[PDB]
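J.: Let me give you the structure first, and then I'll get to my questions.
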Amino acid sequence: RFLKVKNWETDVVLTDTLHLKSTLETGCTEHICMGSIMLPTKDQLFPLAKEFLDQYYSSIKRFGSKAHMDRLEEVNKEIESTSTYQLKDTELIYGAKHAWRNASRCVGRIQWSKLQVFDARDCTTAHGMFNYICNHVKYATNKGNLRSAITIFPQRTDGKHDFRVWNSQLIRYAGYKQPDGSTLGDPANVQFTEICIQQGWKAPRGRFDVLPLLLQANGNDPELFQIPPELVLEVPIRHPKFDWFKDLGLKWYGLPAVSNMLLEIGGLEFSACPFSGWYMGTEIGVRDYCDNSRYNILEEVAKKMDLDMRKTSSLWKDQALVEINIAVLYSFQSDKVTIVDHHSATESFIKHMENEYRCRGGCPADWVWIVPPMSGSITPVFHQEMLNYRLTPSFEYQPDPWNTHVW
Amino acid sequence: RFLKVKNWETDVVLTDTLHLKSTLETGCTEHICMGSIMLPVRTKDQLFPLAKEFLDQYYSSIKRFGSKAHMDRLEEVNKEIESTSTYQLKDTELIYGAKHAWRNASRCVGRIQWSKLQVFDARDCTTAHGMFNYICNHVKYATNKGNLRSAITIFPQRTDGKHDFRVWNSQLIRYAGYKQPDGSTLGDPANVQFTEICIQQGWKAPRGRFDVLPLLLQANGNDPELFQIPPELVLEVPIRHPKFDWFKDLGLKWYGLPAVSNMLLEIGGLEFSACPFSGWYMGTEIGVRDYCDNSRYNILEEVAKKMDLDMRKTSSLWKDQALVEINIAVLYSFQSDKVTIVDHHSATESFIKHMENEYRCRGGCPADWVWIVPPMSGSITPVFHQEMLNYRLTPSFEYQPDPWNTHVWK
Ligand code: HEM
Ligand code: HEM
Ligand SMILES: N=C(NCCC[C@@H](NC(=O)[C@H](N)CCCCN)C(N)=O)NN(O)O
Ligand SMILES: N=C(NCCC[C@@H](NC(=O)[C@H](N)CCCCN)C(N)=O)NN(O)O
Ligand SMILES: C[C@H](O)[C@H](O)[C@H]1CNc2nc(N)[nH]c(=O)c2N1
Ligand SMILES: C[C@H](O)[C@H](O)[C@H]1CNc2nc(N)[nH]c(=O)c2N1
Ligand SMILES: OC[C@@H](O)[C@@H](O)[C@H](O)[C@H](O)CO
Ligand SMILES: OC[C@@H](O)[C@@H](O)[C@H](O)[C@H](O)CO
Ligand SMILES: [Zn+2]
């Protein structure tokens with residue numbers, strides 16, 4: 001059926017036909033919606049490869065061409081002979097750009113076509129992976145003028161020689177459990193922070209310690225590496241009015257770079273494919289800094305602001321939240337590091353949706369993730385109905401390595 | 001089949017079995033999620049089964065399942081249906097049904113209060129004046145001088161679909177909206193269409209920014225009639241700010257009693273098309289949506305100007321700043337006038353406790369995450385981190401088309 005999506009603020013209505021090309025299951029059923037659940041063979045492969053190649057040739061205006069047909073047969077024969085196949089560079093670039101295009105949970109997709117793709121399929125060792133990652137970090141950081149990029153390591157073969165970056169992001173802060181029963185640093189990485197130690201790393205036991213990379217190549221055990229500090233751009237956080245803010249001793253890194261997802265293109269699985277763009281302010285100020293299970297700084301900040309924390313109804317958390325988020329944005333802009341606020345990012349996404357609907361017939365989007373975690377309804381995406389469905393190429397979550405690695 | 005729900009802040013996982021009793025569709029498929037889509041005469045045949053399901057639920061709830069009273073009631077209802085094509089609920093069943101329609105409302109964050117609902121039986125009502133009297137009584141009881149009490153008034157159920165009782169207003173109390181020839185809007189833009197109908201029906205509009213609308217009541221399928229709610233029954237709160245003495249000069253105020261009046265209540269297959277209900281406000285409904293939605297009063301700029309915030313660039317988060325103060329103002333004003341209200345931190349915290357209690361005593365709690373999470377400060381409220389399962393259980397409150405679009409005029 002042809003579904004329609006309405007924005008309840010502008011009344012603009014869009015019709016979605018793209019969803020009619022979805023194949024994978026959503027997790028929901030006619031009886032129960034699971035929209036808020038965080039994570040709901042040669043025979044198998046050729047169909048997948050065919051679906052992919054078809055859309056590629058269609059995108060280059062050569063659908064049904066001999067070239068299209070020729071390639072189809074070559075891959076076909078390749079799979080029949082090798083049980084797998086290799087992607088042409090052009091297909092690789094198109095696939096990664098489209099996996100981002102299809103990421104229903106990403107609000108910054110208006111930038112999808114500008115992705116710099118780094119082919120690391122010729123990599124063979126962890127040191128090799130370290131080199132490639134360093135190069136990615138430097139390229140993307142670009143002295144503060146961030147540029148989107150993805151580095152793609154060798155695809156899965158028999159699942160016993162998988163390339164994996166054990167970190168969750170190329171750059172993250174360590175977390176340590178202390179006597180107080182309390183947590184020092186970032187609670188979200190406590191387990192990884194330990195595995196590095198359990199593997200040799202010498203933790204500075206600080207509040208913002210850049211974690212080391214733990215890289216795995218060809219199934220072998222992972223190895224540690226310290227990203228050259230000169231390559232990790234960090235931003236000290238200060239407020240444009242509260243001089244005491246700096247005394248909080250807060251800082252964040254300028255490069256957001258998911259490193260543990262799985263990229264699927266034409267049935268091929270790329271288990272190590274770190275990518276990066278740049279931050280939307282709220283990611284840091286709202287979630288990293290204020291989540292109860294993260295740096296949880298609202299109470300300290302509220303205290304330094306001297307407001308009545310006695311009654312929830314004084315909205316002191318809300319007041320403080322805004323200030324913390326003003327300071328994150330201020331600092332990044334001051335140090336000339338790329339960053340986007342939730343208002344501009346959501347406005348761009350709405351623009352992107354319109355482009356997509358008219359040029360592609362739709363845009364899968366996950367409302368639950370697209371709406372910023374603060375000031376939801378004053379951003380336009382809150383008022384925008386969205387259809388969530390799965391299209392490939394795609395980025396998917398995958399088991400953490402330490403729960404599957406056979407040392 | 002068991003379904004797990006996890007809270008990503010506490011790691012607490014809950015198990016849902018209640019969804020098994022869900023019969024109605026969600027709008028979603030195994031291929032597409034419509035979780036953020038705002039809205040994606042029965043026959044003797046599909047009536048008794050619906051009645052039976054309900055009565056079994058009712059009798060089981062009172063620990064009398066399988067009793068002779070239970071079996072007699074089922075036989076009594078089947079006969080009434082066969083004989084009259086419909087059936088009347090006992091008072092005890094109507095009350096039970098009403099409370100559960102609220103209990104099953106997946107978009108409602110205030111459900112911890114469901115068992116405390118005052119049900120007014122208006123099934124003997126036959127005219128619009130009768131409806132007015134009933135509604136007036138509801139407003140005075142519910143308002144209770146500012147100490148709000150949840151209530152619902154239930155008018156005659158649908159019979160042939162030609163004699164429906166309807167409250168044409170969206171809420172019993174709402175402010176008028178007027179589209180000006182220059183294209184601007186006076187009052188609440190949300191009610192412009194309904195306001196025009198009222199004017200066309202004879203209402204003499206004061207043409208102000210906060211004019212309480214008249215009630216447009218339809219009894220027995222007859223054309224609607226206008227009534228003015230006694231002013232002394234309409235409690236309103238002037239909005240001022242604890243620290244900004246200029247806030248009061250913004251000339252803002254809101255009514256204290258939120259009373260949805262256009263939903264359809266379904267109990268045992270019976271359809272009650274006029275069932276106004278009311279509880280009390282969560283601050284953000286007024287302070288975030290009614291005041292700051294671009295399509296509503298949209299006061300963000302005027303507030304931001306007075307606070308003299310840098311409005312040159314969004315990254316100064318001037319909108320977010322103005323938003324908090326305005327919301328602070330709404331809560332401060334209601335509390336100072338002793339009119340019941342609840343803030344989003346308090347309300348969401350209670351909903352989590354209620355939700356956990358429901359899983360333990362009922363096996364589930366259908367909830368719509370999209371609606372449950374507050375329109376501001378989303379992730380600093382616990383519901384943001386709470387996984388939820390959305391499905392439909394009956395008794396239920398459902399949307400129904402606006403009456404002016406279906407009504408056959410006499
Ligand atoms: C240009 C800057 C970009 C912005 C501002 C942006 C912003 C966002 C935000 C706000 C999230 C939510 C993060 C969270 O809550 O954990 C997100 C998620 C995501 N984005 Fe983007 N993004 C950008 C670039 C990228 C790039 C380059 C890709 C891939 C090539 C991408 C792929 C995705 C994916 C897969 C997710 C979901 C991740 C998850 O489920 O944890 N993003 N993006
Ligand atoms: C005790 C006070 C209560 C509080 C604080 C509360 C709060 C809310 C809020 C915040 C919403 C969302 C409203 C919106 O965004 O438009 C909601 C939805 C809803 N509530 Fe409650 N509620 C309460 C009592 C009730 C009562 C008494 C009933 C029914 C007997 C009820 C039925 C519903 C329903 C059916 C919805 C969905 C409305 C729609 O879809 O437009 N609530 N409630
Ligand atoms: N600006 C961004 N943002 C994307 C950040 C994604 C975030 N996800 C998370 O933290 C999920 N909760 C991890 C859950 C995975 C389940 N295994 C992470 N890995 O830190 N991207 N750019 O590249 O620009
Ligand atoms: N505190 C509350 N809050 C519930 C308020 C519901 C609100 N919904 C709306 O305004 C939707 N946009 C209407 C969508 C209907 C589409 N037909 C309304 N009609 O005023 N309840 N009580 O305390 O009782
Ligand atoms: C339970 C719920 O799905 C969970 O808390 C989601 C909500 N929305 C989110 N949205 C974004 N962008 N990122 C997140 O991590 C989440 N967490
Ligand atoms: C398009 C989207 O579904 C829509 O804007 C929803 C989002 N969440 C909401 N949540 C509540 N409580 N009330 C609303 O009116 C809405 N509107
Ligand atoms: O400390 C380890 C965690 O960061 C890790 O288990 C993540 O939860 C996982 O990689 C998904 O993000
Ligand atoms: O002005 C008429 C509107 O208020 C009306 O159409 C409502 O949106 C509808 O009754 C749902 O609340
Ligand atoms: Zn769904």
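How things are named: the first chain in the structure tokens is A, the next is B, and so on; residues count from 1 in each chain; ligands count from 1 in the order shown.
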Name the residues, by chain letter and number, that sit within 6 Å of ligand 7 using only C-alpha atoms and all ligand atoms, and give them as a PyMOL selection string.
T.: chain A and resi 168+188-192+400
J.: Can you work out which residues from chain A touch chain B at a cut-off of 6 Å (counting only C-alpha atoms) and hand them back as an MDAnalysis selection string?
T.: chainID A and resid 25:37 293 313 341 373:377 385:389
J.: Would you list the contacts of residue 263 in chain A as a PyMOL selection string, taking every protein, DNA or RNA residue within 6 Å and counting only C-alpha atoms, but skipping same-chain residues closer than 3 positions in sequence?
T.: chain A and resi 269-270+394-395
J.: Check range 190-365 of chain A with DSSP on the backbone and list each residue it calls alpha helix (DSSP H), as an MDAnalysis selection string.
T.: chainID A and resid 190:197 281:282 289:290 298:305 316:334 342:360
J.: Applying 6 Å and only C-alpha atoms, which residues near range 152-165 of chain B remain after dropping the ones on its own chain fewer than 4 positions away? List them as a PyMOL selection string.
T.: chain B and resi 41+119-123+218-221+271-272+274-277
J.: What does the file look like for those residues with C-alpha atoms, as a PDB file, in the first residue's frame?
T.:
ATOM      1  CA  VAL B  41     -23.628   0.283  14.116  1.00  0.00           C
ATOM      2  CA  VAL B 119     -18.051   7.918  37.075  1.00  0.00           C
ATOM      3  CA  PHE B 120     -21.214   9.891  36.460  1.00  0.00           C
ATOM      4  CA  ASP B 121     -23.941   7.834  34.771  1.00  0.00           C
ATOM      5  CA  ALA B 122     -25.759  10.120  32.322  1.00  0.00           C
ATOM      6  CA  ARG B 123     -27.455   7.335  30.378  1.00  0.00           C
ATOM      7  CA  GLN B 218     -25.910  17.071  20.407  1.00  0.00           C
ATOM      8  CA  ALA B 219     -28.492  14.808  22.023  1.00  0.00           C
ATOM      9  CA  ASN B 220     -30.158  11.832  20.414  1.00  0.00           C
ATOM     10  CA  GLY B 221     -28.838  12.644  16.955  1.00  0.00           C
ATOM     11  CA  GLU B 271     -20.129   2.564  21.883  1.00  0.00           C
ATOM     12  CA  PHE B 272     -20.462   5.662  24.086  1.00  0.00           C
ATOM     13  CA  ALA B 274     -20.265  11.296  24.372  1.00  0.00           C
ATOM     14  CA  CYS B 275     -18.063  10.572  27.384  1.00  0.00           C
ATOM     15  CA  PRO B 276     -16.281  13.714  28.598  1.00  0.00           C
ATOM     16  CA  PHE B 277     -13.535  12.952  31.118  1.00  0.00           C
TER      17      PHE B 277
END
J.: Between A:257, A:5, A:378, A:115, which is the closest to residue 147 in chain A once you count only C-alpha atoms?
T.: A:115
J.: Using only C-alpha atoms and all ligand atoms, find each residue with an atom at most 8 Å away from ligand 3 and format the answer as JSON, numbers by chain.
T.: {"A": [38, 39, 106, 108, 148, 168, 169, 255, 256, 257, 258, 259, 260, 275, 276, 277, 278, 279, 280, 283, 397, 398, 399, 400]}
J.: Write to file, as a short mmCIF file (atom, residue, chain, number, x, y, z; two decimals), in the first residue's frame, the residues of the selection just made, with N, CA, C and O atoms.
T.:
data_model
loop_
_atom_site.label_atom_id
_atom_site.label_comp_id
_atom_site.auth_asym_id
_atom_site.auth_seq_id
_atom_site.Cartn_x
_atom_site.Cartn_y
_atom_site.Cartn_z
N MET A 38 15.07 -0.85 21.95
CA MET A 38 16.37 -0.45 21.42
C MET A 38 16.94 -1.40 20.36
O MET A 38 17.55 -0.97 19.39
N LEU A 39 16.72 -2.70 20.55
CA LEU A 39 17.20 -3.68 19.58
C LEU A 39 16.20 -4.85 19.47
O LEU A 39 16.34 -5.87 20.14
N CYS A 106 19.62 7.98 12.11
CA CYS A 106 20.56 9.10 11.95
C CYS A 106 19.84 10.35 11.50
O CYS A 106 19.20 10.34 10.47
N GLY A 108 21.41 13.19 10.72
CA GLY A 108 22.22 14.03 9.86
C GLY A 108 22.43 13.55 8.44
O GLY A 108 23.41 13.93 7.79
N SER A 148 33.08 13.94 7.02
CA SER A 148 32.57 12.56 7.14
C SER A 148 33.43 11.53 6.42
O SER A 148 33.91 11.78 5.31
N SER A 168 33.82 1.02 20.99
CA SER A 168 32.45 1.35 20.55
C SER A 168 32.54 2.55 19.61
O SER A 168 31.76 2.67 18.66
N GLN A 169 33.48 3.43 19.92
CA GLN A 169 33.79 4.61 19.11
C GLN A 169 35.32 4.62 19.08
O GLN A 169 35.97 4.12 20.02
N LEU A 255 35.65 14.31 17.68
CA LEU A 255 35.32 13.32 16.66
C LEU A 255 34.46 12.13 17.10
O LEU A 255 34.93 11.25 17.80
N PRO A 256 33.17 12.10 16.69
CA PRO A 256 32.30 10.99 17.06
C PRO A 256 32.55 9.92 16.00
O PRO A 256 32.41 10.19 14.79
N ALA A 257 32.93 8.72 16.42
CA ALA A 257 33.25 7.71 15.42
C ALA A 257 32.90 6.26 15.78
O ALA A 257 33.76 5.50 16.24
N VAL A 258 31.64 5.90 15.53
CA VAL A 258 31.12 4.57 15.78
C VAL A 258 32.03 3.55 15.15
O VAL A 258 32.28 3.59 13.95
N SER A 259 32.51 2.60 15.94
CA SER A 259 33.41 1.60 15.41
C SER A 259 32.99 0.16 15.54
O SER A 259 33.72 -0.71 15.08
N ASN A 260 31.84 -0.12 16.13
CA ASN A 260 31.46 -1.52 16.30
C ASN A 260 30.27 -2.01 15.51
O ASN A 260 29.74 -3.08 15.81
N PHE A 275 33.10 4.67 11.15
CA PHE A 275 32.68 5.85 10.41
C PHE A 275 32.58 7.03 11.35
O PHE A 275 32.51 6.87 12.57
N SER A 276 32.56 8.24 10.77
CA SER A 276 32.47 9.43 11.57
C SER A 276 31.94 10.61 10.78
O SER A 276 32.12 10.69 9.58
N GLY A 277 31.31 11.53 11.50
CA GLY A 277 30.76 12.75 10.94
C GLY A 277 31.17 13.80 11.96
O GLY A 277 32.35 14.03 12.15
N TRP A 278 30.20 14.40 12.62
CA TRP A 278 30.46 15.38 13.66
C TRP A 278 29.26 15.36 14.58
O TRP A 278 28.19 14.85 14.20
N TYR A 279 29.44 15.88 15.78
CA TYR A 279 28.40 15.89 16.80
C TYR A 279 27.24 16.85 16.70
O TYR A 279 27.37 17.95 16.16
N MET A 280 26.09 16.42 17.23
CA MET A 280 24.94 17.30 17.38
C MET A 280 25.14 17.57 18.88
O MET A 280 25.40 16.63 19.66
N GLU A 283 23.98 15.32 22.02
CA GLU A 283 24.59 14.02 22.23
C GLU A 283 25.52 14.10 23.44
O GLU A 283 25.57 13.18 24.26
N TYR A 397 23.70 -3.53 14.37
CA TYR A 397 24.45 -3.75 15.59
C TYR A 397 24.99 -5.17 15.47
O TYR A 397 24.47 -5.97 14.70
N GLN A 398 26.04 -5.49 16.22
CA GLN A 398 26.59 -6.84 16.19
C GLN A 398 27.09 -7.18 17.60
O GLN A 398 27.41 -6.29 18.38
N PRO A 399 27.16 -8.48 17.94
CA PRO A 399 27.62 -8.87 19.28
C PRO A 399 28.97 -8.24 19.63
O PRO A 399 29.78 -8.02 18.74
N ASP A 400 29.20 -7.94 20.90
CA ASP A 400 30.50 -7.41 21.30
C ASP A 400 31.49 -8.56 21.12
O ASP A 400 31.16 -9.71 21.40
#
J.: Do you have the CA of residue 89 in chain A-CA of residue 158 in chain A distance handy?
T.: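 CA of residue 158 in chain A lies 22.4 Å from CA of residue 89 in chain A.
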J.: Please produce, as a tab-separated table, a per-residue contact table for chain A versus ligand 6 (criterion: any atom at most 8 Å away, only C-alpha atoms and all ligand atoms considered), showing the nearest atom pair and its distance in Å to one decimal, sorted by chain then residue number.
T.:
residue	atom	partner	partner_atom_place_in_ligand_line	distance
A:6	CA	ligand 6	1 (C)	7.2
A:7	CA	ligand 6	1 (C)	6.3
A:8	CA	ligand 6	5 (O)	6.2
A:367	CA	ligand 6	2 (C)	8.0
A:377	CA	ligand 6	5 (O)	7.6
A:381	CA	ligand 6	1 (C)	7.7
A:382	CA	ligand 6	5 (O)	4.9
A:383	CA	ligand 6	5 (O)	3.5
A:384	CA	ligand 6	1 (C)	4.3
A:385	CA	ligand 6	1 (C)	3.8
A:386	CA	ligand 6	1 (C)	7.1
J.: Can you spit out the residues from that selection as a tab-separated table (two decimals), in the first residue's frame, using N, CA, C and O atoms?
T.:
chain	number	residue	atom	x	y	z
A	6	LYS	N	2.31	12.80	7.46
A	6	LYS	CA	1.94	14.19	7.66
A	6	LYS	C	2.72	14.89	8.76
A	6	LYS	O	3.03	14.30	9.79
A	7	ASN	N	3.05	16.15	8.52
A	7	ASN	CA	3.74	16.97	9.50
A	7	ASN	C	2.59	17.76	10.10
A	7	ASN	O	1.93	18.52	9.39
A	8	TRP	N	2.35	17.58	11.40
A	8	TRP	CA	1.24	18.25	12.07
A	8	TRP	C	1.44	19.72	12.39
A	8	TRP	O	0.57	20.34	13.01
A	367	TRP	N	11.40	7.76	14.58
A	367	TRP	CA	11.02	8.93	15.38
A	367	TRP	C	11.64	8.97	16.77
A	367	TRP	O	12.13	10.00	17.25
A	377	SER	N	9.45	19.05	21.34
A	377	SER	CA	8.42	19.70	20.51
A	377	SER	C	8.72	21.08	19.92
A	377	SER	O	7.92	21.57	19.12
A	381	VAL	N	11.07	18.02	13.91
A	381	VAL	CA	10.88	16.59	13.75
A	381	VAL	C	9.86	15.98	14.73
A	381	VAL	O	9.30	14.93	14.46
A	382	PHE	N	9.61	16.65	15.84
A	382	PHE	CA	8.63	16.15	16.81
A	382	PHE	C	7.26	16.09	16.15
A	382	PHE	O	6.46	15.18	16.40
A	383	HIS	N	7.00	17.07	15.29
A	383	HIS	CA	5.72	17.20	14.61
A	383	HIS	C	5.63	16.44	13.31
A	383	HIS	O	4.59	16.43	12.66
A	384	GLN	N	6.72	15.79	12.93
A	384	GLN	CA	6.78	15.05	11.68
A	384	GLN	C	6.54	13.56	11.84
A	384	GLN	O	7.29	12.88	12.53
A	385	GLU	N	5.50	13.04	11.18
A	385	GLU	CA	5.25	11.60	11.23
A	385	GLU	C	6.37	10.96	10.43
A	385	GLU	O	6.85	11.54	9.45
A	386	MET	N	6.81	9.77	10.85
A	386	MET	CA	7.89	9.09	10.17
A	386	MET	C	7.59	7.61	10.05
A	386	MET	O	6.99	7.01	10.94
J.: Taking the chain letters and numbering used in this document, name the residues of range 131-346 of chain A that DSSP puts in strand (DSSP E), as an MDAnalysis selection string.
T.: chainID A and resid 149:152 164:165 175:177 183:185 213:216 223:225 234:236 251:253 262:265 268:270 275:276
J.: What residues of the protein or nucleic acid chains come within 9 Å of ligand 2 when you use only C-alpha atoms and all ligand atoms? Reply as a compact mmCIF listing (two decimals) with N, CA and C atoms, in the first residue's frame.
T.:
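Resulting contents of part_21.txt:
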# COMPACT_ATOMS: atom_id res chain seq x y z
N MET B 38 0.18 9.68 13.90
CA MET B 38 -0.79 10.16 14.88
C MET B 38 -2.10 9.36 14.96
N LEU B 39 -2.59 8.87 13.83
CA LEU B 39 -3.82 8.09 13.81
C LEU B 39 -3.87 7.17 12.58
N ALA B 98 -15.37 1.99 32.41
CA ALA B 98 -14.81 3.34 32.30
C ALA B 98 -13.37 3.40 32.87
N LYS B 99 -13.19 2.89 34.09
CA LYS B 99 -11.89 2.86 34.71
C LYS B 99 -10.88 2.11 33.84
N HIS B 100 -11.30 1.01 33.22
CA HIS B 100 -10.35 0.27 32.40
C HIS B 100 -10.04 0.90 31.06
N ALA B 101 -10.96 1.69 30.51
CA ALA B 101 -10.66 2.37 29.25
C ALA B 101 -9.48 3.31 29.56
N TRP B 102 -9.49 3.93 30.73
CA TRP B 102 -8.40 4.84 31.15
C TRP B 102 -7.14 3.99 31.40
N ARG B 103 -7.31 2.92 32.18
CA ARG B 103 -6.20 2.02 32.50
C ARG B 103 -5.51 1.49 31.24
N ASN B 104 -6.27 1.32 30.16
CA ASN B 104 -5.74 0.80 28.89
C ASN B 104 -5.27 1.86 27.93
N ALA B 105 -5.47 3.14 28.28
CA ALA B 105 -5.05 4.24 27.40
C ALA B 105 -3.53 4.33 27.32
N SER B 106 -2.97 3.77 26.26
CA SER B 106 -1.53 3.73 26.13
C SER B 106 -0.81 5.09 25.95
N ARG B 107 -1.55 6.14 25.60
CA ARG B 107 -0.93 7.44 25.43
C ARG B 107 -0.98 8.27 26.71
N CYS B 108 -1.56 7.73 27.78
CA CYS B 108 -1.71 8.48 29.04
C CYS B 108 -0.66 8.18 30.10
N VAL B 109 0.10 9.21 30.47
CA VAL B 109 1.16 9.08 31.48
C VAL B 109 0.60 9.19 32.90
N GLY B 110 -0.65 9.64 33.02
CA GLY B 110 -1.22 9.79 34.35
C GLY B 110 -2.02 8.60 34.87
N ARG B 111 -1.80 7.44 34.29
CA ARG B 111 -2.59 6.28 34.69
C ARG B 111 -2.40 5.70 36.09
N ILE B 112 -1.40 6.13 36.84
CA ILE B 112 -1.24 5.61 38.19
C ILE B 112 -2.52 5.95 38.95
N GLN B 113 -3.25 6.94 38.44
CA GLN B 113 -4.50 7.39 39.07
C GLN B 113 -5.79 6.69 38.60
N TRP B 114 -5.69 5.75 37.67
CA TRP B 114 -6.87 5.10 37.08
C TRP B 114 -7.98 4.53 37.97
N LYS B 116 -8.91 5.63 40.74
CA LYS B 116 -9.64 6.73 41.38
C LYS B 116 -10.27 7.58 40.29
N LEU B 117 -11.38 7.10 39.76
CA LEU B 117 -12.10 7.82 38.74
C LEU B 117 -13.54 7.88 39.20
N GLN B 118 -14.12 9.08 39.19
CA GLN B 118 -15.51 9.23 39.59
C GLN B 118 -16.36 9.14 38.32
N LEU B 148 -8.53 19.36 42.14
CA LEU B 148 -9.08 18.51 41.08
C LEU B 148 -9.30 17.04 41.38
N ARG B 149 -10.45 16.54 40.92
CA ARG B 149 -10.84 15.15 41.09
C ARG B 149 -11.17 14.59 39.71
N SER B 150 -10.60 13.43 39.38
CA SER B 150 -10.87 12.77 38.10
C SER B 150 -12.31 12.36 37.99
N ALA B 151 -12.90 12.60 36.82
CA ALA B 151 -14.29 12.25 36.59
C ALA B 151 -14.58 12.02 35.10
N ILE B 152 -15.66 11.30 34.82
CA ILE B 152 -16.08 11.03 33.45
C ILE B 152 -17.59 10.99 33.53
N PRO B 258 -8.61 20.21 32.46
CA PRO B 258 -8.49 19.64 31.12
C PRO B 258 -9.57 18.53 31.03
N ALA B 259 -10.49 18.65 30.10
CA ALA B 259 -11.56 17.65 29.99
C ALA B 259 -11.87 17.22 28.57
N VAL B 260 -11.16 16.20 28.11
CA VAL B 260 -11.36 15.66 26.76
C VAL B 260 -12.83 15.32 26.57
N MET B 263 -13.86 11.92 22.56
CA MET B 263 -13.44 10.57 22.29
C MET B 263 -14.60 9.63 22.43
N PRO B 276 -17.31 12.80 28.09
CA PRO B 276 -16.28 13.71 28.60
C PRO B 276 -15.60 13.25 29.89
N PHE B 277 -14.28 13.34 29.93
CA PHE B 277 -13.53 12.95 31.12
C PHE B 277 -12.50 14.03 31.47
N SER B 278 -12.06 14.04 32.71
CA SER B 278 -11.09 15.03 33.16
C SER B 278 -10.28 14.52 34.34
N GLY B 279 -9.04 14.99 34.43
CA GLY B 279 -8.16 14.65 35.53
C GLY B 279 -7.54 16.00 35.89
N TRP B 280 -6.25 16.19 35.61
CA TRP B 280 -5.59 17.47 35.84
C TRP B 280 -4.38 17.56 34.92
N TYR B 281 -3.83 18.76 34.77
CA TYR B 281 -2.73 18.95 33.85
C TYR B 281 -1.35 18.58 34.28
N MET B 282 -0.55 18.17 33.31
CA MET B 282 0.87 17.96 33.56
C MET B 282 1.32 19.30 32.97
N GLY B 283 2.20 20.01 33.67
CA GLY B 283 2.62 21.33 33.22
C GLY B 283 3.00 21.55 31.76
N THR B 284 3.77 20.62 31.22
CA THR B 284 4.22 20.74 29.85
C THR B 284 3.12 20.82 28.81
N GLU B 285 1.94 20.28 29.11
CA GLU B 285 0.84 20.34 28.15
C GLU B 285 0.52 21.81 27.82
N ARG B 289 3.42 22.73 24.87
CA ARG B 289 2.58 22.63 23.68
C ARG B 289 1.57 23.76 23.41
N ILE B 341 -1.87 20.39 39.71
CA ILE B 341 -1.05 20.30 38.51
C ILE B 341 0.13 19.45 38.87
N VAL B 342 0.73 18.82 37.87
CA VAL B 342 1.88 17.97 38.14
C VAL B 342 2.95 18.25 37.10
N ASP B 343 4.20 18.28 37.55
CA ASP B 343 5.28 18.55 36.62
C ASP B 343 5.70 17.25 35.94
N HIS B 344 6.46 17.36 34.85
CA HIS B 344 6.87 16.18 34.09
C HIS B 344 7.83 15.24 34.81
N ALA B 347 5.40 13.42 37.24
CA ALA B 347 4.48 12.55 36.51
C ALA B 347 5.12 11.33 35.85
N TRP B 371 4.21 9.31 22.81
CA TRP B 371 3.34 10.21 23.55
C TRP B 371 3.68 10.35 25.02
N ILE B 372 4.19 9.28 25.61
CA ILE B 372 4.55 9.27 27.02
C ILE B 372 5.72 10.15 27.39
N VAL B 373 6.75 10.18 26.56
CA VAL B 373 7.91 11.03 26.82
C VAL B 373 7.48 12.51 26.66
N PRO B 374 7.76 13.35 27.66
CA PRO B 374 7.41 14.78 27.65
C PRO B 374 8.01 15.54 26.47
N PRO B 375 7.33 16.60 26.00
CA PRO B 375 7.79 17.42 24.87
C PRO B 375 9.00 18.30 25.17
N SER B 396 -11.80 0.76 25.74
CA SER B 396 -10.88 1.75 25.20
C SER B 396 -11.51 3.10 24.89
N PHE B 397 -10.63 4.10 24.78
CA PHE B 397 -11.01 5.44 24.37
C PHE B 397 -10.41 5.50 22.99
N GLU B 398 -11.21 5.91 22.02
CA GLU B 398 -10.78 5.99 20.63
C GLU B 398 -11.12 7.34 20.04
N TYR B 399 -10.41 7.70 18.99
CA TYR B 399 -10.73 8.93 18.30
C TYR B 399 -11.97 8.57 17.50
J.: Please identify the residues whose atoms come within 10 Å of ligand 8, using only C-alpha atoms and all ligand atoms, and report them as a PyMOL selection string.
T.: chain B and resi 167-171+174-178+188-198+260-263+399-405
J.: Give me, as a ChimeraX atom specification, all polymer residues having an atom no more than 12 Å from residue 253 in chain A, counting only C-alpha atoms and skipping those fewer than 3 positions away in the same chain.
T.: /A:137,141,144,169-173,208-211,229,231-237,250,256-257,278-279,281,283-284,288,328,331-332,335,337-339
J.: Within 12 Å of residue 195 in chain A, counting only C-alpha atoms, which residues show up once you throw out same-chain ones fewer than 4 positions away? Write them as a VMD selection string, please.
T.: chain A and resid 166 to 167 174 to 176 189 to 191 199 to 203 211 to 214 222 to 224 401 to 403
